[PDB]
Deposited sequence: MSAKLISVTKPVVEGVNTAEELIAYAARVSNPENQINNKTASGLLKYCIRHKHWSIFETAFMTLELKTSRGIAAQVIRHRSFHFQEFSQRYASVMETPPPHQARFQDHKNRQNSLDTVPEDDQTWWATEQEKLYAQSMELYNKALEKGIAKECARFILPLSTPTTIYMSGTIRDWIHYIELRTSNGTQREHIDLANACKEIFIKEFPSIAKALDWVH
């Protein structure tokens, strides 16, 4: 039900060490005259966000590994600004009988010579999956804010919050956003 950091933008310019520092640096050198540049990074970035100066948040890219189900991943897949890879600052009773029954038929179909990509189709949407999700920091911002809101279903909320915790760790922007 979780997420881990796989990869993130690392700058190689002098005096810019992290992804967040590049975003703040792009903000500042866009408008060198701006008195706004004299703010803390989180102060500056609050305004960049408020002004819709989104391109500074597209200098950075992060990728996360998500562990979720096939039902939720299909929903996550709909955030088309992201890039995905897939691999091969009573109710809980009847499901378990059916799930065990499906995996039995799955494991035996493979053993009987049926390949993989045909056997896959009998698996339920509750089947766990692992995907990479990659996108700019701009896109992570609006995915997280949306999918941690009331209007999205519980298991997606949990998934997005796992992402939120990693985001907060890597990124002044989490304070700018009042997260």
- Message: No C-alpha coordinates means not modelled. Give me those stretches of the deposited sequence in order.
- Response: 89-97, 99-124, 207, 216-217
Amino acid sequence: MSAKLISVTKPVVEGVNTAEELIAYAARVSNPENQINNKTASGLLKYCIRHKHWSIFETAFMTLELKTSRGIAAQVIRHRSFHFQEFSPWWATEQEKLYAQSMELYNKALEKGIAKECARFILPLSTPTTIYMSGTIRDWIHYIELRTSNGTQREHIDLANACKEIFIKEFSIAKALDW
From here on, numbers count along this sequence of modelled residues.
- Task: Averaging the C-alpha B factors as listed in the entry, name the stretch that ends up higher: 77-85 or 100-108.
- Result: 100-108
- Averaging the C-alpha B factors as listed in the entry, name the stretch that ends up higher: 15-23 or 154-162. 154-162
- Identify, among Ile137, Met133, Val29, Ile122, the residue whose C-alpha carries the highest B-factor in the deposited PDB entry. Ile122
- Message: Highest recorded C-alpha temperature factor, please, choosing from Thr59, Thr127, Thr63, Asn37.
- Response: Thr127
- Item | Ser42 by Cα B-factor - lowest, middle or highest third of the modelled chain | middle
- Grab the CA temperature factor for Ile114 from the record and place it in the lowest, middle or highest third of its chain. highest
- Message: Ranking every modelled residue in this chain by its Cα temperature factor as given in the entry, which third contains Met1?
- Response: highest
